[PDB]
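Structural characterization, general
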Amino acid sequence: XXXXXXXXXXXXXXXXXXXXXXXXXXXXXXXXXXXXXXXXXXXXXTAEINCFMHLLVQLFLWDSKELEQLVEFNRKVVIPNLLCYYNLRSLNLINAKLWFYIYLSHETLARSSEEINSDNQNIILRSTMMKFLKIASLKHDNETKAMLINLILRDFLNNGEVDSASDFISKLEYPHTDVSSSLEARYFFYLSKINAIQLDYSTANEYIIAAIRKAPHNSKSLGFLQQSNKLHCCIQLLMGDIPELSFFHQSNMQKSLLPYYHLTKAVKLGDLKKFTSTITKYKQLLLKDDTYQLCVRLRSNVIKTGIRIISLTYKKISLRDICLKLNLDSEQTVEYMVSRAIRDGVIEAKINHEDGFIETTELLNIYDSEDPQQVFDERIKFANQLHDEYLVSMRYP
Amino acid sequence: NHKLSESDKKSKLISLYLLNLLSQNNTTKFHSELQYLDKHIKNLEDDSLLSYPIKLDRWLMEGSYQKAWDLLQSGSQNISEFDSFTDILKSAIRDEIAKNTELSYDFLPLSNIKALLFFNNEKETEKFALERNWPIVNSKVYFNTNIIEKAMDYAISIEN
Amino acid sequence: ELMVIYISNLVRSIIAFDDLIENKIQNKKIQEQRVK
Amino acid sequence: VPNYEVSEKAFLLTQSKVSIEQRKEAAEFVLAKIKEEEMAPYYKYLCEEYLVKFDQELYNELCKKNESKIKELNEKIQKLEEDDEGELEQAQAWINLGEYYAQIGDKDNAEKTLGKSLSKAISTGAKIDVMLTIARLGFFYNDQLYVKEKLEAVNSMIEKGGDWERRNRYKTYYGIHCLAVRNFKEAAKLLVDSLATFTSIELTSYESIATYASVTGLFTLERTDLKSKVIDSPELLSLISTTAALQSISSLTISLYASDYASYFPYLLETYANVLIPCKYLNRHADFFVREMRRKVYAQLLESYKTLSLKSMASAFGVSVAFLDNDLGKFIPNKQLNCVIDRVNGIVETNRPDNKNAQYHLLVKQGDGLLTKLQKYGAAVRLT
Amino acid sequence: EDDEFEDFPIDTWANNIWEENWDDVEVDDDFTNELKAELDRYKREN
């Protein structure tokens, strides 16, 4: 019967990259399974396929929705099994699918109940994963390395530890060359994220952008894109660059981005109270991911916007009125906030204190003079070495 | 645990630690710590004592200092040796305003500088301004290639 | 004049950038083929 | 055909803030053309839309007689496919079949019937004009895509050949379609030249399409080409009081072109109520229109001033300052308007790119905006 | 080259042809109504 495929899959046991191909259909090889079909392996018995059939056990259970003996299985079985696979080199590639599930249910298990047995257990877990993270690191199997790394990163962020994961990266070198683009984007995802929480944005949008590029699409790969982009909007927003509407209308994902689509409406307008109200509105929704405490940083940005708009639309304004448009209590509050905005290269103004009105700087003629010469000159040179550079990297033909 | 995590030296100590991180101007580590403490304290009610460092951070993030300074006056209720940190943070704020106001506007009456920098003293002002190198006028402070060449330059850049 | 000089320079720059695109794409497909 | 008027009156009943009288007499006008049109796919469709009265007896009867005639035409056909010379003719009886679906206003049915009806050897007016009708159902139900595809079809049928006398009614279709979306910029030339020749029995009355070409005209036309192509109207002059709109909207446009500021807003509100919101095509776009039509005047008022004082403007338009300031604040930061305000003195000065100075600064800014982009992507492709 | 992403579940929920500028969806609807009160309010006073 259908077990022929399981035997046909064993016909993939010849050598080397076949396993790769062997995995591909094996991705969908789990469509049909039965406990009596389990007896197939009972009649089938080799170890190099023993671990694999254990994969089939995990896949069987997790899909069958029973997680108890899946993790229980992970321990009692995988540990004996784990020792045998260490000797093998090919097995490391196979185990990655294994590890991918191992952590999973355990993580998923945490959503059943709270116990410190889960703590000690997962301390053991991470400990192991770092152990043969080093072991495999010396064994030079790119794929299983990258996978494992991803799993422990995801552990740090199921935890609250960004730093430990960060300094962890500091001592990491990533198995760059030979990867699975999906794992690559899981990396770039987590990377961009933690790199953001630490308040460095300008490198986060990078790694998340790559998490958009390197990610596959299909119909299944959605949730990763949905989730990521739910982050990408946040970074784009914090950095001070409003995203365009079409970014909010793309695919099914547009139903999820809605709170962010209610943030930019709050942000672009620069109206604080509306913002805050919205944050209270969608808060719980924003907590199911951790984008929340990112978003609550925007209270700075929103006000920056408020000031910049009040500047572009007025040459000079009595402090009274700015304080009215921004709802704030006191003028004294204002000139702290505006004095701040100026230093950041936003307004380009000065402030008249004794009359208390902002005055924004003008263009002051001067075209008939030589200043345009200097300016154009700088711009010119800075165009040259662009041309230069683009011809120095050009050398390759 | 209920037994292991109790000691109120926690409640004061953590807050002390966060505040340390602010004192050192390490923002990265600070927010990282926020994210840390969040999942643990997630039972969190407002921020009970811990609002002192948090709130203390948010207000200077937004840029409204007066509330922040007010918090500096409000640490005395729970007071501990972070007063030293206070004297840190206090200075850590004033330069800001200074470093703000340098670009804000060139012209201030001395009483107004006292108003901004939260001095209780008139002379501490010009102490600070000298330390800031600000030339002071009687209560009132002030805060402040030929074309041929260019052508040949463009050429020689072109004909390489 | 310095204007026209300048925006012209922009035009060269963007062109050159294009030709980089042609190299990089070219080496990508060649080095691709060198596999087999 | 369908006669459209039913649809416009229906929409009239939908809208809340139309005058309730026009809502009534519109409604019984509709119903009156349910009776004589023996027509039911509305009665449930419309009654549904009202819901967004219903008497199913009447419904039943209408359905019954409909069954009678659809039966009959189908049967006649059944006589005709046996008839060999009726090749051109069986298609014609079909045209009366799916056409009858148009009287019966059933979309899919006339659709299929005419689609298959293209098969028979027929005139360009059939394979083409019949398509035009097929889409005209599209205009009827307010499905703009269902139109879009079909104007692509007819587009092809024309692109190979056919009469320009068909291309004109074509361009009227595709034009009023363009208006059915935000795109006026096309409807400008399309409609405004549809005045030279117009086919009403296709869809709508000549004064309707007058209001359209005049609205789009007002909206995208330049000041000298407004005077040229619209204020000077071999046609619109021949109409004027002809409807309840063209006198209003023209009373707006003249108040623009001629610089009557006190009167502009009142006529603006008028047309908002009288022409825009009743139009089934325009109502969707109502706000996008008025927002624009504010800007133009503000624009046009400043263009001759390098400085002018608010109370001068507010006085002109006849609003208070604070509200006027509040309005300009919408446009200015979007750089849709070249003004900038000084509230301290209540003054308004205009920075717009004319004097070489301005066209210098603006160029510097745009240039740097291009650089930083170029460099940015530059490093990326460098390192890749 | 296919993996399940079972770790990222697709969001579970508790339940305009023209491209838009934002100010399209500003759609604050105010002006039509605010205006009339502004006009007449003014000219009653003058």
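Quick note: structure is the one above.
Calculation criteria
Residues numbered from 1 in each chain as written, not as in the entry; some residues may be left out. Chains lettered and ligands numbered in written order. Part of a larger assembly, values for the part shown. Heavy atoms only, no water. Residues with missing side-chain atoms left out of burial classes, pairs and counts. Helix = DSSP H or I, 4+ residues; strand = E, 2+ residues; numbered from the N terminus. Buried < 20%, exposed > 50% of the residue type's maximum accessible area, 1.4 Å probe, protein only. Areas by Shrake-Rupley, 256 points an atom, 1.4 Å probe, with all protein chains shown as cover. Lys, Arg positive; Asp, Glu negative; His and termini not counted. Charge placed at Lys NZ, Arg CZ, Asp CG, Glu CD. Rg over C-alpha atoms; globule rule 2.2 N^0.38 Å. Axes fitted to C-alpha atoms, helices over the stretch in contact; angles between N-to-C directions. Parallel < 35°, antiparallel > 145°, perpendicular 65-115°, else oblique. Contact = heavy atoms within 4.5 Å. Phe/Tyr/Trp six-rings, centres within 6.5 Å; stacked < 30°, edge-to-face > 60°. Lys NZ or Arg CZ within 6 Å of the ring centre and 35° of its normal. Buried area = accessible area lost by both parts, 1.4 Å probe. Salt bridge = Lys/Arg side-chain N within 4 Å of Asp/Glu carboxyl O. Polar contact = N/O pair within 3.5 Å; in protein donor to acceptor, adjacent residues only side chain to side chain. Nonpolar A, V, L, I, M, F, W, Y, C, P; charged D, E, K, R; others polar. Pairing = 2+ DSSP bridges. Core = buried A, V, L, I, M, F, W, Y, C linked by side-chain atoms within 4.5 Å. Patch = residues over 30% accessible without salt bridge, like charges linked within 9 Å, V, L, I, M, F, W, Y side chains within 5 Å.

Attention now goes to the overall build of chain E. Assigned secondary structure in chain E consists of 2 helices and 0 strands. For chain E, the proportion of its 46 residues judged to be buried stands at 30%. A total accessible area of about 3400 Å² is found for chain E, and carbon and sulfur atoms account for 47% of it. Counting 4 positive and 19 negative side-chain charges, chain E places the centres of these two groups 33 Å from one another.

In terms of helices and strands, chain B carries 8 helices and 3 strands. Reading chain B from its N terminus to its C terminus gives the helix and strand order α-α-α-α-α-β-α-α-β-β-α. Here chain B has a C-alpha radius of gyration of 24 Å; the compact-globule value for 160 residues is 15 Å, and the former is much larger. With the C-alpha coordinates aligned to their principal axes, the bounding extent of chain B is approximately 80 × 55 × 20 Å. By the burial criterion, 37% of the 160 residues in chain B qualify as buried. Total accessible area on chain B stands at roughly 9700 Å², and carbon and sulfur atoms take up 54% of it. In chain B, 19 side chains carry a positive charge and 24 a negative one; their mean positions are 6 Å apart.

Here we take up the packing of helix α20 (residues 371–392) of chain A against helix α8 (residues 147–158) of chain B. Any two packed helices are characterised by how steeply their axes cross, that is the angle between the axes, and by the distance between the axes. Taken N-terminus to C-terminus, the directions of α20(A) and α8(B) make an angle of 10°; their axes are 11 Å apart at the nearest point. Compared by their axis directions, α20(A) and α8(B) come out roughly parallel. In this structure, α20(A) contributes A:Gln373, A:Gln374, A:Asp377, A:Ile380 and A:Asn384 to the contact, and α8(B) contributes B:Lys150, B:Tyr154 and B:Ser157.

The subject of this paragraph is the interface of chain A and chain E. Across the contact, 33 residues belong to chain A and 18 residues belong to chain E. No other element matches helix α12 (residues 222–238) of chain A, which puts 6 residues into the side of chain A that touches chain E.

This brings us to the packing of aromatic side chains. One pass over the structure, following the stated rule, counts 46 aromatic pairs over all chains. Aromatic side chains A:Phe156 and A:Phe168 sit 5.9 Å apart centroid to centroid with 45° between the ring planes, which places their arrangement in the tilted category. Residue A:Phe156 is located in helix α8 (residues 142–158), and its partner A:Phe168 is located in helix α9 (residues 163–170); the two are separated by 12 residues in the primary sequence. Across this residue pair, the class does not change: A:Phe156 and A:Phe168 are buried. On the numbers, 5.6 Å between centres and 65° between planes, the contact of A:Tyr390 with C:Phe17 is edge-to-face. Residue A:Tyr390 is found in helix α20, and its partner C:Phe17 is found in helix α1 (residues 2–35); the two belong to separate chains. Judged by its relative accessible area of 2%, A:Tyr390 falls in the buried class. The residue whose ring lies beneath D:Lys150 is D:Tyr146, and the NZ or CZ to ring-centre distance is 3.4 Å.

Interchain contacts are distributed over 7 pairs of chains, and the most extensive set of them lies between chains A and B. As for chain E relative to chain B, no contact occurs, and the smallest C-alpha gap between them is 20 Å.

Time to look at the interface of chain A and chain B. Listed per partner, the contact involves 34 residues of chain A and 32 residues of chain B. With both sides pooled, the region where chain A packs onto chain B buries about 3000 Å², and carbon together with sulfur makes up 55% of that total. Among the residues of chain A in contact with chain B, A:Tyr336, A:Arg340 and A:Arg343 are the three that bury the most area, contributing 24% of the side total. The tally of links from chain A across to chain B stands at 3 salt bridges. Connecting chain A to chain B are 13 residue pairs in polar contact. Take the side of chain A that touches chain B: its biggest share by element is 9 residues, from helix α19 (residues 331–343) of chain A. A per-class count over the side of chain A that touches chain B returns 10 nonpolar, 13 polar and 11 charged.

Moving on, we get to the sheet that holds strand β1 (residues 107–109) of chain B. Residue and element names in this part refer to chain B. Strand order in the open sheet formed by 3 strands is β1-β3-β2, and the pairing between neighbours is antiparallel. Among the strands making up the open sheet, the edge pair consists of β1 and β2 (136–137). Judged from the 3 bridges that link them, β1 and strand β3 (residues 140–142) form a sheet pairing that is antiparallel. Directly across from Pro109, in β3, lies its bridge partner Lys140. Along the sheet face, helix α6 (residues 110–117) touches β1 and β3 and points at about 90° away from the line of β1.

What follows is about the side chain of D:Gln90. Residue and element names in this part refer to chain D. Along the chain, the position of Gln90 falls in helix α5 (residues 87–103). Note on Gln90: relative accessible area 4%, which makes it buried. In this structure the side chain of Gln90 is engaged in a polar contact, spanning 3.1 Å, whose partner is the backbone nitrogen of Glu87. Excluding residues that lie within four positions of it along the chain, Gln90 makes contacts with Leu80, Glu81, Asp83, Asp84 and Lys120.

Another point: the sheet that holds strand β2 (residues 339–342) of chain D. By way of backbone hydrogen bonds, the strands of a sheet pair with one another, either parallel or antiparallel. Residues and elements named next belong to chain D. With antiparallel pairing, the 3 strands of this open sheet are ordered in space as β1-β3-β2. Both edges of this open sheet fall to β1 (307–309) and β2, since each of them pairs with a single strand only. Strand-to-strand, the axes of this sheet are offset by a mean angle of 25°, without reference to chain direction. Pairing geometry for β2 and strand β3 (residues 347–350), over 4 bridges, is antiparallel. Looking at β3, one finds that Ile341 is bridged to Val348.

Turning next to the nonpolar core. Core analysis: the biggest nonpolar cluster contains 164 residues, and D:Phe265, D:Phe289, D:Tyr298, D:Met313 and D:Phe317 have the highest contact counts within it. For this core, the element with the highest residue contribution is helix α7 (residues 124–141) of chain D, accounting for 10 residues. Not counting the four nearest positions on each side in its chain, D:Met313 is found in contact with D:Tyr298, D:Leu301, D:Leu302, D:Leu308, D:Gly318, D:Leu324 and D:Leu328. A:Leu91, A:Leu153, A:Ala215 and A:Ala266 belong to the second largest nonpolar core, which has 78 residues in total.

With that out of the way, let us pick up a nonpolar patch on the surface. All names here are of chain B. Side chains of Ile147, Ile148 and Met152 sit close together on the surface and give an oily, nonpolar patch of about 290 Å² of accessible area. Note that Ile148 resides in helix α8. When its relative accessible area of 54% is taken as the criterion, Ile148 is described as exposed.

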